[PDB]
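Working notes, structure below.
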Amino acid sequence: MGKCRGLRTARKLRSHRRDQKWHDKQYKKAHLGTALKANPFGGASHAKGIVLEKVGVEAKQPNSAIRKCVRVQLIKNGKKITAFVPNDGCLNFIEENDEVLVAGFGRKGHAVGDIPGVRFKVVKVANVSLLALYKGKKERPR
Amino acid sequence: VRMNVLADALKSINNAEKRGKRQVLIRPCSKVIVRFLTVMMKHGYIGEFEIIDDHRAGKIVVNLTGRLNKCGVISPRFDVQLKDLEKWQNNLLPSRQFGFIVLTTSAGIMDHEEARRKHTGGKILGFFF
Amino acid sequence: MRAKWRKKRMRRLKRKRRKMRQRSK
Amino acid sequence: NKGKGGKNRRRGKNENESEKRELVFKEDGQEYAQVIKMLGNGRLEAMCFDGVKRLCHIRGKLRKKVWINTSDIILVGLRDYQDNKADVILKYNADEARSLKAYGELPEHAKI
Amino acid sequence: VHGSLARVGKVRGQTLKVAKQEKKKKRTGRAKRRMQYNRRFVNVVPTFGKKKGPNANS
Amino acid sequence: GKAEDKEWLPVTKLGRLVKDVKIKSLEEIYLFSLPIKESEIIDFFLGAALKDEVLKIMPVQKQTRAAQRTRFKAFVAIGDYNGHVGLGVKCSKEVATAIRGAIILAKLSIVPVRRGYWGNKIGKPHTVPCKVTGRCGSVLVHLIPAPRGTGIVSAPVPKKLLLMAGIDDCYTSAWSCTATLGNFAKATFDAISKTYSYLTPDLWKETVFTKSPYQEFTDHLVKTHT
RNA sequence: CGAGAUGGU
RNA sequence: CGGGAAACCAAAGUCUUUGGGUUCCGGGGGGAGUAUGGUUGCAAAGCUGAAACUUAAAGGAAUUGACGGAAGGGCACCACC
RNA sequence: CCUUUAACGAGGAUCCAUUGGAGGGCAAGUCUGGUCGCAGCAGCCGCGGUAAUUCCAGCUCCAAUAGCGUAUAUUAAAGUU
């Protein structure tokens, strides 16, 4: 409640605001740089990696399903990721030991919906898009 | 402690107006208070007033007519220039049609409409409507 | 009194961790 | 008909595990198994009779209905990927399990 | 159930397939906004106050 | 059936006078600040010029030994687009009775609205006369004068009441839980209502008194009436 | 002032 | 009086009609008063004090039910004498 | 290349407009066939266990239009610094 108002108080006002900004959760992680070292993409919107393994993860209650996912190793860091595969039957296009392009799931590093602990999704397989494969416009070259 | 006398004078009038009382007593008196009251009286917001000598700064009794909606103080006496006065009357007044800011200037204590005719800036004291 | 007991549980774990690390070097 | 638990909760529809319980055998992608251990969280350890042990999971349809137990006999669906993991499809009663072995459908390993 | 659980692509593979029944071309640009104006404002039939939307089926 | 007369007969002194003698407007009912308790008085003065709007229908319920028991609550606004607006609420076991009951209370609540100018005084007035505010629950609502031809700068709920009141131009602001439509509507109607009871320099001249309608027509209520 | 834990439909 | 989400408060009032002076200090729930460095102490310990990761609510005041190995009236051989 | 100008150049079944949607927030179907807590959808609240307004498809309708969708940094909304 008691804020100082005197005509020479500008050093107290300016430096107290500067000190109190560090209690905002969004301000702190943008300015310390610990989150930028921790993030498995080094500040990019997308990354390339190689498919290790295909897996099915159990959805959180109150609903019931097996959500189709992949485990991936990124090219530029060699660190490990798991990513969701959108649409009905798309797991049949992916194969193993080949390149995917991966993207964020839409919530800036947090998980989405009933899938436990998955932060990423697949968008391109062997330089062809999953949408162009799913709508029959293109096919995997072999 | 008492850091400012003009803020007491206006808070005391403002509480008496809201209770519907016909008179109020202001203490201590000052040269700044007598000049501020005179600007409200000349525009028709208060009645006439009388000063008591007591050999210790003095006292004032004021007569109230029921027209006053508010009077108030801006505590740091900020400087104003003619180009910036529009922003202050946009912040503090209830309409463009009525109410007044009070300034202190080297030509005297005055109404913010008179400061434009006299082509002068100053420091802010308070307002009424 | 669960919070007072969670405070006691942490103090005895910290006393163990203290003696374990300060023995090493 | 006869209850075999005891409670207020008559609020469901009765189980009727009766009459035309027509005997079910494998298709492609399925195996018969015996339960070895039960874990927490709706999952279990099971051995199928050609000798590959797996970690196994109760399908959402069988929750709080078809109570599985140790040494019980079940029908299991295999995955085309992640071969260590599988899901339960059916339980066989001791009356059905002996009919599977009478049709020669099970190796002489399963207990009844 | 037929085959195993956790089989991908099941319902898109089961679904019976039907060819497109359309023939005629739609309008474009100015001519489509002209058509929408005449259908929504110019000649109109009134109803009871529980007024009815553009795609009412029953 | 056919809409002949005698659907109404008065039950108050004011109703006996309005049906008979030269009470010529609502403004001479407002001047003496009288309560209105017969809905047919406002159909006599404003009538078919009044237009009607359902703001929300809301379910509410109480717990019992057997089950949850549900009622429907309707919020209704009414006005003539030229200086009169009202708001009303009722809760009933069925929606059709709740709406029909809410319209009667929205007619009994009508108030006169003041209008003014932002600039120089050309033509007829078109905005609020000065900066005003109203409260309900935690919700606070505030209205500000605007130059000619801006329209209303507001969310949907306050915009509909200001349009029905007959205000063309307005800037607005709000604070705390506006997601409760009932407190947001009442905070807006409280701000609109205060416009005719703010003391301003054009209202400073001395008041001249007259006799009230019960005093001028004091013999009409006696000689042939009950 | 005896002893009186627990909860698939 | 007036204020408030209300319980309540002559202050917890004189606030969108928002500025008497001035000190300390909060920013969704957890991880956590934890790890690590410094410092004080004979010891127990005190002071200062993170992040990775995780999550759709956690919480305040009040209303109507149901429930109590809570209290007070009254009743029944599908209760007891 | 643009501008200027002779000769050929249009009946629509072509000289054929697309990208996202139709439970709510938020414009637009309590149509018809398939699946059956599976396959899948879903920013958020939520849909699917044999009569699905939400999945997969046909028809109809909505929005912006030579453009429309998604990931990530940042300003407003935030009187949530």
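Distance check, please: which entries in A:48/A:80; D:4/D:111; F:37/F:223; A:37/A:76 exceed 18 angstrom between their Cα atoms? Spell out each step's value before the answer.
Numbers: A:48/A:80 12 Å; D:4/D:111 25 Å; F:37/F:223 24 Å; A:37/A:76 14 Å.
D:4/D:111; F:37/F:223, as the Cα separations exceed 18 Å there.
Could you work out the Kirkwood radius for chain B, taking every pair of different alpha carbons, averaging 1/r and inverting it, reported in Å? The partial results should precede the final answer.
Details: mean 1/r = 0.0648 Å⁻¹.
Computed over Cα pairs of chain B, the Kirkwood hydrodynamic radius comes out at 15.4 Å.
Note the angle between two axes, namely the Cα long axis of helix A:10-20 and the longest principal axis of the Cα atoms of chain A, as a number of degrees from 0 to 90, rounded to the nearest 10.
Orientation of helix A:10-20: about 30 degrees from the principal axis.
Relative contact order, percent, of chain D when contacts are C-alpha pairs under 8 Å separated by at least 6 residues?
22
Tell me which residues come under 5 Å, amide H to amide H, from residue B:69 once H is placed; ignore anything under 5 positions away on its chain.
Under 5 Å from the amide H of residue B:69: B:129.
Identify all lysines with a Cα-Cα distance to residue C:7 below 16 Å; exclude those on the same chain that are fewer than 8 residues away in sequence.
C:16
Counting other Cβ atoms within 10 Å of each Cβ, which trypsin sites (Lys or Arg not before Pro) in region B:12-76 have at most 11 and sit in a DSSP loop?
Counting only loop positions with at most 11 other Cβ atoms within 10 Å, the trypsin sites (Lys or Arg not before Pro) in region B:12-76 are B:19, B:21, B:22, B:56.
For the pair residue B:59/residue F:25, report the inter-label distance in nm, with labels modelled 7 Å from Cα in the Cβ direction.
Label at residue B:59, label at residue F:25, 5.1 nm between them.
In debye, nearest 20: dipole of the protein assembly as shown around its Cα centre with unit charges on the Cβ of K, R (+) and D, E (-)? Don't skip to the end; give the middle numbers.
Numbers: 148 positive and 61 negative charges, 829 e Å.
Using Cβ point charges on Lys, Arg, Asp and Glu, the protein assembly as shown gives about 3980 debye.
Let me have the relative contact order for region B:69-129, percent, based on Cα pairs under 8 Å that are six or more residues apart. Walk me through the intermediate numbers first.
On the way: 88 pairs, mean separation 31.4, N = 61.
51 percent.
Put a dot 7 Å past each Cα toward the Cβ at residue C:16 and residue B:38; how far apart are the dots in nm?
8.4
Can you check what the net charge comes to around residue F:118, using other residues whose Cβ is under 13 Å from the Cβ of residue F:118 (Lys, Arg +1; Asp, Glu -1)? Walk me through the intermediate numbers first.
Values: positive: B:96, F:115, F:121, F:131, F:148; negative: F:168, F:169.
With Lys, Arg at +1 and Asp, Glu at -1, the net is +3.
What order do you get for F:167, B:124 when you list them from fewest to most C-beta neighbours inside 10 Å?
Least crowded to most crowded, the residues run B:124, F:167.
Enumerate the calculated ³J(HN,Hα) couplings along region A:99-110 in order (Karplus 6.51 cos²θ - 1.76 cosθ + 1.60, θ = phi - 60°), each rounded to whole Hz, writing x wherever the residue is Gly or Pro.
7, 10, 9, 10, 9, x, 8, x, 10, 6, x, 8
So, in Å, what gap is there between the alpha-carbon centers of region F:31-54 and region E:26-58?
38
How high is the relative contact order of region F:98-195, given as a whole-number percent (alpha carbon pairs under 8 Å, six or more residues apart)?
That works out to 31 percent.
Based on other C-beta atoms within 10 Å, arrange A:108, D:85, B:118, A:28 from fewest to most.
With the fewest neighbours first, A:108, D:85, B:118, A:28 line up as A:108, B:118, A:28, D:85.
Using only the Cα atoms of region B:58-117, each taken as one equal point scatterer with no solvent, compute I(q) by the Debye sum, divide by I(0), and report log10 of the ratio at q = 0.22, 0.25, 0.28 Å⁻¹.
-1.09, -1.27, -1.41
Where does each of F:126, F:225 land when they are ranked from fewest to most other beta-carbon atoms within 10 angstrom? The partial results should precede the final answer.
Numbers: F:126 20, F:225 13.
Listing F:126, F:225 from fewest to most nearby Cβ atoms yields F:225, F:126.
Placing unit charges on C-beta atoms (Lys and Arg positive, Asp and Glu negative, everything else neutral), compute the dipole magnitude of region F:1-149 about its Cα centre in debye, rounded to 20.
For region F:1-149, the charge dipole is close to 620 debye.
Counting other Cβ atoms within 10 Å, keep those with at most 10, restrict to DSSP loop, and tell me which trypsin sites (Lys or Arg not before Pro) in chain E are left.
Those satisfying the criteria are E:17, E:20, E:23, E:24, E:25, E:26, E:50, E:51, E:52.
For chain A, modelled as a GNM with alpha-carbon contacts under 10 angstrom, which of A:114, A:19, A:98 fluctuates the most?
Among A:114, A:19, A:98, the largest GNM mean-square fluctuation belongs to A:19.
What is the Cα radius of gyration of chain D over 2.2 N^0.38 Å, N being its residue count?
Details: Rg = 15.2 Å, N = 112, 2.2 N^0.38 = 13.2 Å.
Dividing the Cα radius of gyration by 2.2 N^0.38 Å gives 1.15.
Could you give the dipole magnitude of region B:1-68 about its Cα centre, charging the beta-carbon of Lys and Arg +1 and that of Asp and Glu -1, in debye to the nearest 20?
For region B:1-68, the charge dipole is close to 220 debye.
Can you give the translational diffusion coefficient of chain F in µm²/s, computed by Stokes-Einstein from the Kirkwood radius over Cα pairs at 25 °C and 0.890 mPa s?
Diffusion coefficient, whole number: 123 µm²/s.
What share of all Cα pairs of region A:2-142, in percent, falls into each consecutive 5 Å distance bin?
It works out to 2, 8, 15, 16, 15, 11, 8, 6, 5, 4, 4, 3, 3, 1, 0, 0, in whole percents.
With the Cα gyration tensor of region F:91-225 giving a ≥ b ≥ c as the square roots of its eigenvalues, does the rule (a/c under 1.5 for rounded; else a/b larger than b/c for prolate; else oblate) give rounded, prolate or oblate?
Values: a/c = 2.26, a/b = 1.16, b/c = 1.96.
Note, shape of region F:91-225 comes out oblate.
How large is ³J(HN,Hα) for each residue in region A:113-126, as worked out from phi by the Karplus curve 6.51 cos²θ - 1.76 cosθ + 1.60 (θ = phi - 60°), to whole Hz, x for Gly and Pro?
x, 6, 7, x, x, 9, 10, 9, 9, 6, 10, 9, 10, 6
How much space per residue, in cubic angstrom, does the convex hull of the C-alpha atoms of the protein assembly as shown take up? Spell out each step's value before the answer.
On the way: hull volume 316.2 nm³, N = 692.
Hull volume over Cα atoms, normalised by residue count, gives 457 Å³.
List the chymotrypsin sites (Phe, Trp or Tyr not before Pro) within chain E that fall in a DSSP loop (any state other than H, G, I, E or B) and whose Cβ has at most 10 other Cβ atoms within 10 Å.
Details: sites: E:37, E:41, E:48; in loops: E:48.
Qualifying residues, ordered by number: E:48.
Compute the distance in nm between two label points, each set 7 Å from the Cα along the Cα-to-Cβ direction, one at residue D:14 and one at residue A:18.
8.0
What does a probe at residue F:181 reach in region F:38-54, counting residues whose amide N is under 15 Å from the point 7 Å along Cα→Cβ?
What the label zone holds, given the 15 Å backbone N cut-off, is F:53-54.
Collect residues whose amide H, placed 1.01 Å from N in the peptide plane, falls under 5 Å from the amide H of residue F:170; neighbours closer than 5 in sequence don't count.
Result for residue F:170 returns F:151, F:152, F:153.
May I ask you to derive the FRET efficiency for residue D:94 and residue A:71 from their Cβ-Cβ distance with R0 = 35 Å, giving the value to the nearest 0.05?
So the FRET efficiency works out to roughly 0.25.
Can you compute the helix-only [θ] at 222 nm over the protein assembly as shown? Use -39500 (n - 2.57) per DSSP H run of at least 4 residues, normalise by all residues, nearest 500 deg cm²/dmol.
That calculation yields -7000 deg cm²/dmol at 222 nm.
Backbone-built Cβ (ideal geometry, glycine too); neighbour counts: all protein chains shown. Coordinate-derived values only; no laboratory data.
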